[PDB]
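K.L.:
My structure is in work26.pdb, and what it holds is PDB, N, CA and C atoms and all ligand atoms:
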```pdb
ATOM      1  N   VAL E1128       0.808  -1.214   0.000
ATOM      2  CA  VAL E1128       0.000   0.000   0.000
ATOM      3  C   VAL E1128       0.840   1.263   0.000
ATOM      4  N   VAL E1129       2.159   1.143  -0.086
ATOM      5  CA  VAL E1129       3.053   2.291  -0.049
ATOM      6  C   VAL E1129       3.730   2.421  -1.402
ATOM      7  N   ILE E1130       3.996   3.659  -1.800
ATOM      8  CA  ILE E1130       4.662   3.964  -3.060
ATOM      9  C   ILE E1130       6.089   4.393  -2.758
ATOM     10  N   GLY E1131       7.052   3.734  -3.397
ATOM     11  CA  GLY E1131       8.449   4.069  -3.233
ATOM     12  C   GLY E1131       9.224   3.183  -2.285
ATOM     13  N   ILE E1132       8.600   2.147  -1.726
ATOM     14  CA  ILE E1132       9.311   1.263  -0.813
ATOM     15  C   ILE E1132      10.365   0.473  -1.580
ATOM     16  N   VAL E1133      11.478   0.177  -0.908
ATOM     17  CA  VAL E1133      12.586  -0.543  -1.518
ATOM     18  C   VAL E1133      13.003  -1.684  -0.600
ATOM     19  N   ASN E1134      13.626  -2.697  -1.197
ATOM     20  CA  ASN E1134      14.052  -3.866  -0.444
ATOM     21  C   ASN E1134      15.304  -3.572   0.368
ATOM     22  N   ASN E1135      15.430  -4.272   1.495
ATOM     23  CA  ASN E1135      16.622  -4.238   2.332
ATOM     24  C   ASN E1135      16.484  -5.253   3.460
ATOM     25  N   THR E1136      17.524  -5.399   4.272
ATOM     26  CA  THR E1136      17.493  -6.261   5.442
ATOM     27  C   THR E1136      17.754  -5.427   6.687
ATOM     28  N   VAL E1137      16.917  -5.610   7.703
ATOM     29  CA  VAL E1137      17.052  -4.897   8.967
ATOM     30  C   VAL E1137      17.739  -5.817   9.969
ATOM     31  N   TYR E1138      18.878  -5.372  10.488
ATOM     32  CA  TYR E1138      19.649  -6.194  11.407
ATOM     33  C   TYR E1138      18.958  -6.277  12.759
ATOM     34  N   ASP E1139      18.867  -7.490  13.293
ATOM     35  CA  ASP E1139      18.248  -7.723  14.590
ATOM     36  C   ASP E1139      19.334  -7.965  15.627
ATOM     37  N   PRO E1140      19.534  -7.060  16.588
ATOM     38  CA  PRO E1140      20.631  -7.243  17.552
ATOM     39  C   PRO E1140      20.464  -8.452  18.454
ATOM     40  N   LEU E1141      19.248  -8.967  18.615
ATOM     41  CA  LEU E1141      19.027 -10.050  19.566
ATOM     42  C   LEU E1141      19.300 -11.420  18.958
ATOM     43  N   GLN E1142      19.041 -11.588  17.651
ATOM     44  CA  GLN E1142      19.030 -12.937  17.082
ATOM     45  C   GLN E1142      20.409 -13.584  17.088
ATOM     46  N   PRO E1143      21.453 -12.996  16.482
ATOM     47  CA  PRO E1143      22.769 -13.657  16.548
ATOM     48  C   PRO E1143      23.308 -13.771  17.962
ATOM     49  N   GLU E1144      23.054 -12.763  18.801
ATOM     50  CA  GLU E1144      23.567 -12.788  20.166
ATOM     51  C   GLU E1144      22.956 -13.930  20.967
ATOM     52  N   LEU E1145      21.667 -14.191  20.780
ATOM     53  CA  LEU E1145      20.983 -15.241  21.519
ATOM     54  C   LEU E1145      20.997 -16.580  20.797
ATOM     55  N   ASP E1146      21.507 -16.631  19.568
ATOM     56  CA  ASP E1146      21.723 -17.901  18.889
ATOM     57  C   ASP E1146      23.136 -18.436  19.061
ATOM     58  N   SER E1147      24.132 -17.555  19.178
ATOM     59  CA  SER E1147      25.483 -18.011  19.484
ATOM     60  C   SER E1147      25.593 -18.492  20.927
ATOM     61  N   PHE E1148      24.951 -17.783  21.860
ATOM     62  CA  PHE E1148      25.036 -18.155  23.269
ATOM     63  C   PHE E1148      24.243 -19.422  23.563
ATOM     64  N   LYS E1149      23.025 -19.519  23.027
ATOM     65  CA  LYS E1149      22.162 -20.655  23.326
ATOM     66  C   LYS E1149      22.702 -21.972  22.788
ATOM     67  N   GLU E1150      23.654 -21.938  21.862
ATOM     68  CA  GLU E1150      24.258 -23.159  21.337
ATOM     69  C   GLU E1150      25.566 -23.472  22.053
TER      70      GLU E1150
ATOM     71  N   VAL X1128      37.232  11.648  23.586
ATOM     72  CA  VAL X1128      36.961  12.939  22.965
ATOM     73  C   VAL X1128      36.026  13.803  23.792
ATOM     74  N   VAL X1129      35.622  13.345  24.971
ATOM     75  CA  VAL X1129      34.697  14.079  25.819
ATOM     76  C   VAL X1129      35.436  14.521  27.074
ATOM     77  N   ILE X1130      35.056  15.685  27.588
ATOM     78  CA  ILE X1130      35.650  16.251  28.793
ATOM     79  C   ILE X1130      34.663  16.093  29.937
ATOM     80  N   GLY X1131      35.128  15.525  31.045
ATOM     81  CA  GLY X1131      34.307  15.353  32.223
ATOM     82  C   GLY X1131      33.680  13.986  32.385
ATOM     83  N   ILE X1132      33.971  13.043  31.491
ATOM     84  CA  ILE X1132      33.389  11.714  31.605
ATOM     85  C   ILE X1132      33.951  11.011  32.835
ATOM     86  N   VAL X1133      33.126  10.163  33.453
ATOM     87  CA  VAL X1133      33.508   9.446  34.661
ATOM     88  C   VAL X1133      33.180   7.971  34.491
ATOM     89  N   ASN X1134      33.868   7.140  35.270
ATOM     90  CA  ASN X1134      33.670   5.701  35.194
ATOM     91  C   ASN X1134      32.398   5.280  35.917
ATOM     92  N   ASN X1135      31.797   4.196  35.427
ATOM     93  CA  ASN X1135      30.659   3.551  36.069
ATOM     94  C   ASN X1135      30.312   2.270  35.324
ATOM     95  N   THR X1136      29.345   1.515  35.834
ATOM     96  CA  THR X1136      28.853   0.314  35.179
ATOM     97  C   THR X1136      27.373   0.478  34.876
ATOM     98  N   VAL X1137      26.987   0.171  33.642
ATOM     99  CA  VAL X1137      25.599   0.267  33.208
ATOM    100  C   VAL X1137      24.982  -1.126  33.255
ATOM    101  N   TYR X1138      23.907  -1.265  34.021
ATOM    102  CA  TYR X1138      23.275  -2.563  34.191
ATOM    103  C   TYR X1138      22.522  -2.960  32.929
ATOM    104  N   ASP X1139      22.721  -4.202  32.501
ATOM    105  CA  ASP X1139      22.054  -4.733  31.321
ATOM    106  C   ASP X1139      20.934  -5.667  31.754
ATOM    107  N   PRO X1140      19.665  -5.307  31.540
ATOM    108  CA  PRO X1140      18.568  -6.163  32.024
ATOM    109  C   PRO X1140      18.502  -7.519  31.348
ATOM    110  N   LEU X1141      19.096  -7.676  30.166
ATOM    111  CA  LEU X1141      18.954  -8.928  29.433
ATOM    112  C   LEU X1141      19.984  -9.967  29.859
ATOM    113  N   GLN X1142      21.191  -9.530  30.249
ATOM    114  CA  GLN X1142      22.290 -10.483  30.411
ATOM    115  C   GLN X1142      22.057 -11.453  31.563
ATOM    116  N   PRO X1143      21.848 -11.008  32.811
ATOM    117  CA  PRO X1143      21.600 -11.993  33.878
ATOM    118  C   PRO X1143      20.331 -12.796  33.662
ATOM    119  N   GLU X1144      19.289 -12.168  33.116
ATOM    120  CA  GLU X1144      18.026 -12.867  32.904
ATOM    121  C   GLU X1144      18.185 -14.005  31.904
ATOM    122  N   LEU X1145      18.947 -13.785  30.838
ATOM    123  CA  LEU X1145      19.136 -14.795  29.811
ATOM    124  C   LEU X1145      20.334 -15.694  30.078
ATOM    125  N   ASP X1146      21.131 -15.401  31.104
ATOM    126  CA  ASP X1146      22.189 -16.309  31.528
ATOM    127  C   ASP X1146      21.752 -17.255  32.634
ATOM    128  N   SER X1147      20.851 -16.819  33.517
ATOM    129  CA  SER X1147      20.304 -17.729  34.518
ATOM    130  C   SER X1147      19.356 -18.741  33.888
ATOM    131  N   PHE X1148      18.531 -18.299  32.934
ATOM    132  CA  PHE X1148      17.563 -19.197  32.310
ATOM    133  C   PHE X1148      18.245 -20.191  31.378
ATOM    134  N   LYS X1149      19.182 -19.718  30.555
ATOM    135  CA  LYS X1149      19.822 -20.583  29.571
ATOM    136  C   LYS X1149      20.661 -21.685  30.201
ATOM    137  N   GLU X1150      21.038 -21.550  31.469
ATOM    138  CA  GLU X1150      21.800 -22.587  32.155
ATOM    139  C   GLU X1150      20.876 -23.513  32.938
TER     140      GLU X1150
HETATM  141  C1  LIG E1201      12.439  -6.939  -4.055
HETATM  142  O1  LIG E1201      11.678  -5.972  -4.735
HETATM  143  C2  LIG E1201      11.053  -6.506  -5.912
HETATM  144  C3  LIG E1201      10.347  -5.353  -6.586
HETATM  145  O2  LIG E1201      10.612  -4.125  -5.922
HETATM  146  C4  LIG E1201      10.112  -7.665  -5.568
HETATM  147  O3  LIG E1201       9.782  -8.290  -6.804
HETATM  148  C5  LIG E1201       8.449  -8.838  -6.880
HETATM  149  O4  LIG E1201       7.973  -9.376  -5.635
HETATM  150  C6  LIG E1201       6.662  -9.960  -5.708
HETATM  151  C7  LIG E1201       6.319 -10.424  -4.311
HETATM  152  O5  LIG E1201       7.394 -11.151  -3.730
HETATM  153  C8  LIG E1201       6.645 -11.093  -6.731
HETATM  154  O6  LIG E1201       5.319 -11.595  -6.854
HETATM  155  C9  LIG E1201       7.142 -10.597  -8.080
HETATM  156  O7  LIG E1201       7.238 -11.681  -8.998
HETATM  157  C10 LIG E1201       8.510  -9.947  -7.925
HETATM  158  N1  LIG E1201       8.988  -9.442  -9.202
HETATM  159  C11 LIG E1201      10.256  -9.573  -9.606
HETATM  160  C12 LIG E1201      10.582  -8.993 -10.951
HETATM  161  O8  LIG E1201      11.104 -10.136  -8.920
HETATM  162  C13 LIG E1201      10.780  -8.693  -4.659
HETATM  163  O9  LIG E1201       9.806  -9.582  -4.123
HETATM  164  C14 LIG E1201      11.518  -8.014  -3.510
HETATM  165  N2  LIG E1201      12.240  -8.991  -2.705
HETATM  166  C15 LIG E1201      13.209  -9.791  -3.170
HETATM  167  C16 LIG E1201      13.816 -10.728  -2.169
HETATM  168  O10 LIG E1201      13.583  -9.761  -4.340
HETATM  169  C1  LIG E1202      38.608   4.874  35.291
HETATM  170  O1  LIG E1202      38.982   6.203  35.028
HETATM  171  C2  LIG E1202      40.407   6.371  35.009
HETATM  172  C3  LIG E1202      40.665   7.847  34.807
HETATM  173  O2  LIG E1202      39.449   8.581  34.760
HETATM  174  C4  LIG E1202      41.058   5.497  33.931
HETATM  175  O3  LIG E1202      42.458   5.520  34.191
HETATM  176  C5  LIG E1202      43.302   5.457  33.023
HETATM  177  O4  LIG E1202      42.771   4.635  31.970
HETATM  178  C6  LIG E1202      43.622   4.531  30.818
HETATM  179  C7  LIG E1202      42.884   3.676  29.813
HETATM  180  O5  LIG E1202      42.314   2.531  30.432
HETATM  181  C8  LIG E1202      44.977   3.947  31.210
HETATM  182  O6  LIG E1202      45.833   3.940  30.074
HETATM  183  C9  LIG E1202      45.601   4.768  32.332
HETATM  184  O7  LIG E1202      46.805   4.152  32.777
HETATM  185  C10 LIG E1202      44.631   4.881  33.499
HETATM  186  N1  LIG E1202      45.201   5.685  34.567
HETATM  187  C11 LIG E1202      45.094   5.360  35.860
HETATM  188  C12 LIG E1202      45.739   6.303  36.831
HETATM  189  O8  LIG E1202      44.501   4.352  36.228
HETATM  190  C13 LIG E1202      40.568   4.053  33.994
HETATM  191  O9  LIG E1202      40.951   3.354  32.816
HETATM  192  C14 LIG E1202      39.052   3.991  34.140
HETATM  193  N2  LIG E1202      38.600   2.616  34.305
HETATM  194  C15 LIG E1202      38.969   1.811  35.311
HETATM  195  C16 LIG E1202      38.389   0.429  35.285
HETATM  196  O10 LIG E1202      39.732   2.177  36.202
END
```
What is this structure when it is put down as structure tokens?
Ligand SMILES: *[C@@H]1O[C@H](CO)[C@@H](O[C@@H]2O[C@H](CO)[C@@H](O)[C@H](O)[C@H]2NC(C)=O)[C@H](O)[C@H]1NC(C)=O
Ligand SMILES: *[C@@H]1O[C@H](CO)[C@@H](O[C@@H]2O[C@H](CO)[C@@H](O)[C@H](O)[C@H]2NC(C)=O)[C@H](O)[C@H]1NC(C)=O
P.N.:
Amino acid sequence: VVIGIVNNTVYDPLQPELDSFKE
Amino acid sequence: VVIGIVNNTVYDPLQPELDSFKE
């Protein structure tokens, strides 16, 4: 519904931090 | 690069909570 949106990736500070530790 | 800064420790609400549970 928006005009002019572009693709990208938004970095999530929690995901790698809590995936490296939990393993 | 700052004048007047002082030492201290900033408490992180996530670290102890996710370290006690994950163990
Ligand atoms: C990146 O942006 C493009 C267009 O801005 C998207 O391309 C279309 O996306 C829809 C929905 O996913 C598809 O139905 C179309 O077939 C796509 N067209 C083309 C030419 O690719 C695209 O989805 C966006 N994301 C990625 C990962 O490419
Ligand atoms: C606490 O603050 C003091 C000064 O405000 C810091 O002391 C200097 O720190 C630098 C970099 O760590 C060192 O190269 C100097 O040798 C230190 N000087 C002295 C007299 O200690 C100190 O680093 C800060 N942090 C701690 C944990 O003390």
K.L.:
Report, in Å with one decimal, the straight-line distance from atom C1 of ligand LIG 1201 (chain E) to atom CA of residue 1134 of chain E.
P.N.:
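Rounded to one decimal, the two atoms are 5.0 Å apart.
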K.L.:
Collect all residues with atoms no farther than 7 Å from ligand LIG 1201 (chain E), counting only N, CA and C atoms and all ligand atoms, and output them as a CSV table (one decimal) with N, CA and C atoms, in the coordinates of the input.
P.N.:
```csv
chain,number,residue,atom,x,y,z
E,1132,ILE,N,8.6,2.1,-1.7
E,1132,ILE,CA,9.3,1.3,-0.8
E,1132,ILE,C,10.4,0.5,-1.6
E,1133,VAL,N,11.5,0.2,-0.9
E,1133,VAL,CA,12.6,-0.5,-1.5
E,1133,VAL,C,13.0,-1.7,-0.6
E,1134,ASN,N,13.6,-2.7,-1.2
E,1134,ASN,CA,14.1,-3.9,-0.4
E,1134,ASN,C,15.3,-3.6,0.4
E,1135,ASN,N,15.4,-4.3,1.5
E,1135,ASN,CA,16.6,-4.2,2.3
E,1135,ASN,C,16.5,-5.3,3.5
```
K.L.:
Padding 8 Å on each side, edges along x, y and z: where is the centre of the box around the listed atoms of ligand LIG 1202 (chain E), and how long are its edges in Å to one decimal? Output it as AutoDock Vina command-line options.
P.N.:
```
--center_x 42.6 --center_y 4.5 --center_z 33.3 --size_x 24.4 --size_y 24.2 --size_z 23.0
```
K.L.:
Using Å and a single decimal, report how far atom C of residue 1136 of chain X sits from atom C of residue 1146 of chain E.
P.N.:
25.0 Å
K.L.:
Show me which bits of chain E are within 12 Å of chain X, counting only C-alpha atoms, as an mmCIF file with N, CA and C atoms, in the coordinates of the input.
P.N.:
```cif
data_model
loop_
_atom_site.group_PDB
_atom_site.id
_atom_site.type_symbol
_atom_site.label_atom_id
_atom_site.label_comp_id
_atom_site.auth_asym_id
_atom_site.auth_seq_id
_atom_site.Cartn_x
_atom_site.Cartn_y
_atom_site.Cartn_z
ATOM 1 N N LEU E 1141 19.248 -8.967 18.615
ATOM 2 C CA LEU E 1141 19.027 -10.050 19.566
ATOM 3 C C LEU E 1141 19.300 -11.420 18.958
ATOM 4 N N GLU E 1144 23.054 -12.763 18.801
ATOM 5 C CA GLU E 1144 23.567 -12.788 20.166
ATOM 6 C C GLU E 1144 22.956 -13.930 20.967
ATOM 7 N N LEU E 1145 21.667 -14.191 20.780
ATOM 8 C CA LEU E 1145 20.983 -15.241 21.519
ATOM 9 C C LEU E 1145 20.997 -16.580 20.797
ATOM 10 N N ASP E 1146 21.507 -16.631 19.568
ATOM 11 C CA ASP E 1146 21.723 -17.901 18.889
ATOM 12 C C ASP E 1146 23.136 -18.436 19.061
ATOM 13 N N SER E 1147 24.132 -17.555 19.178
ATOM 14 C CA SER E 1147 25.483 -18.011 19.484
ATOM 15 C C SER E 1147 25.593 -18.492 20.927
ATOM 16 N N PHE E 1148 24.951 -17.783 21.860
ATOM 17 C CA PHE E 1148 25.036 -18.155 23.269
ATOM 18 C C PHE E 1148 24.243 -19.422 23.563
ATOM 19 N N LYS E 1149 23.025 -19.519 23.027
ATOM 20 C CA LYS E 1149 22.162 -20.655 23.326
ATOM 21 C C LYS E 1149 22.702 -21.972 22.788
ATOM 22 N N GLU E 1150 23.654 -21.938 21.862
ATOM 23 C CA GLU E 1150 24.258 -23.159 21.337
ATOM 24 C C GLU E 1150 25.566 -23.472 22.053
#
```
K.L.:
Let's have chain X fitted on chain E; use all the C-alpha atoms paired in order for the least-squares step and return it as a short mmCIF file (atom, residue, chain, number, x, y, z; two decimals) with N, CA and C atoms, in the frame of the given file.
P.N.:
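This is the output file part.cif:
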```cif
data_model
loop_
_atom_site.label_atom_id
_atom_site.label_comp_id
_atom_site.auth_asym_id
_atom_site.auth_seq_id
_atom_site.Cartn_x
_atom_site.Cartn_y
_atom_site.Cartn_z
N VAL X 1128 0.82 -1.23 0.01
CA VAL X 1128 0.01 -0.02 0.02
C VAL X 1128 0.85 1.25 0.02
N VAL X 1129 2.17 1.13 -0.05
CA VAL X 1129 3.06 2.28 -0.01
C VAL X 1129 3.74 2.41 -1.37
N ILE X 1130 4.00 3.65 -1.77
CA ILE X 1130 4.66 3.95 -3.03
C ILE X 1130 6.09 4.37 -2.74
N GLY X 1131 7.04 3.73 -3.42
CA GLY X 1131 8.44 4.07 -3.27
C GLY X 1131 9.22 3.18 -2.33
N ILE X 1132 8.60 2.15 -1.76
CA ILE X 1132 9.31 1.27 -0.84
C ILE X 1132 10.37 0.48 -1.60
N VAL X 1133 11.47 0.18 -0.92
CA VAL X 1133 12.59 -0.54 -1.52
C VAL X 1133 12.99 -1.68 -0.61
N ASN X 1134 13.65 -2.68 -1.20
CA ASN X 1134 14.07 -3.85 -0.45
C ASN X 1134 15.32 -3.56 0.36
N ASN X 1135 15.44 -4.25 1.49
CA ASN X 1135 16.64 -4.23 2.33
C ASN X 1135 16.49 -5.24 3.46
N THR X 1136 17.53 -5.40 4.27
CA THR X 1136 17.50 -6.26 5.44
C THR X 1136 17.77 -5.43 6.68
N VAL X 1137 16.93 -5.61 7.70
CA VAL X 1137 17.06 -4.90 8.96
C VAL X 1137 17.75 -5.82 9.96
N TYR X 1138 18.88 -5.37 10.49
CA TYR X 1138 19.65 -6.19 11.41
C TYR X 1138 18.96 -6.27 12.77
N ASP X 1139 18.86 -7.48 13.30
CA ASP X 1139 18.25 -7.72 14.60
C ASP X 1139 19.33 -7.97 15.63
N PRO X 1140 19.54 -7.06 16.59
CA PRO X 1140 20.64 -7.25 17.55
C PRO X 1140 20.46 -8.46 18.46
N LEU X 1141 19.24 -8.97 18.62
CA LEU X 1141 19.02 -10.05 19.57
C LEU X 1141 19.29 -11.42 18.96
N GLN X 1142 19.03 -11.59 17.65
CA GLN X 1142 19.02 -12.93 17.08
C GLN X 1142 20.40 -13.58 17.09
N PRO X 1143 21.44 -13.00 16.48
CA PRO X 1143 22.76 -13.66 16.54
C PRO X 1143 23.30 -13.77 17.96
N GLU X 1144 23.04 -12.77 18.79
CA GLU X 1144 23.56 -12.79 20.16
C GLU X 1144 22.95 -13.94 20.96
N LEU X 1145 21.66 -14.19 20.79
CA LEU X 1145 20.98 -15.24 21.52
C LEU X 1145 21.00 -16.58 20.80
N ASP X 1146 21.50 -16.63 19.57
CA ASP X 1146 21.72 -17.90 18.88
C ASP X 1146 23.13 -18.43 19.06
N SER X 1147 24.13 -17.55 19.18
CA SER X 1147 25.48 -18.01 19.48
C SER X 1147 25.59 -18.49 20.92
N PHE X 1148 24.95 -17.78 21.86
CA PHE X 1148 25.05 -18.15 23.27
C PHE X 1148 24.25 -19.42 23.57
N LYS X 1149 23.03 -19.52 23.04
CA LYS X 1149 22.17 -20.65 23.35
C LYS X 1149 22.71 -21.97 22.81
N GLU X 1150 23.63 -21.94 21.85
CA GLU X 1150 24.24 -23.16 21.33
C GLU X 1150 25.55 -23.47 22.04
#
```
K.L.:
Write down as a ChimeraX atom specification the residues belonging to chain X that are assigned helix (DSSP H, G or I) by DSSP computed on the backbone.
P.N.:
/X:1141-1149
K.L.:
Step by step: locate chain X in the block above, keep C-alpha atoms, then write the file as an mmCIF file, in the first residue's frame.
P.N.:
```
data_model
loop_
_atom_site.group_PDB
_atom_site.id
_atom_site.type_symbol
_atom_site.label_atom_id
_atom_site.label_comp_id
_atom_site.auth_asym_id
_atom_site.auth_seq_id
_atom_site.Cartn_x
_atom_site.Cartn_y
_atom_site.Cartn_z
ATOM 1 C CA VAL X 1128 36.961 12.939 22.965
ATOM 2 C CA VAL X 1129 34.697 14.079 25.819
ATOM 3 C CA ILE X 1130 35.650 16.251 28.793
ATOM 4 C CA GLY X 1131 34.307 15.353 32.223
ATOM 5 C CA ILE X 1132 33.389 11.714 31.605
ATOM 6 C CA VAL X 1133 33.508 9.446 34.661
ATOM 7 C CA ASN X 1134 33.670 5.701 35.194
ATOM 8 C CA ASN X 1135 30.659 3.551 36.069
ATOM 9 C CA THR X 1136 28.853 0.314 35.179
ATOM 10 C CA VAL X 1137 25.599 0.267 33.208
ATOM 11 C CA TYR X 1138 23.275 -2.563 34.191
ATOM 12 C CA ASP X 1139 22.054 -4.733 31.321
ATOM 13 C CA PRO X 1140 18.568 -6.163 32.024
ATOM 14 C CA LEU X 1141 18.954 -8.928 29.433
ATOM 15 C CA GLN X 1142 22.290 -10.483 30.411
ATOM 16 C CA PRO X 1143 21.600 -11.993 33.878
ATOM 17 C CA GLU X 1144 18.026 -12.867 32.904
ATOM 18 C CA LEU X 1145 19.136 -14.795 29.811
ATOM 19 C CA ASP X 1146 22.189 -16.309 31.528
ATOM 20 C CA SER X 1147 20.304 -17.729 34.518
ATOM 21 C CA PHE X 1148 17.563 -19.197 32.310
ATOM 22 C CA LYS X 1149 19.822 -20.583 29.571
ATOM 23 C CA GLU X 1150 21.800 -22.587 32.155
#
```
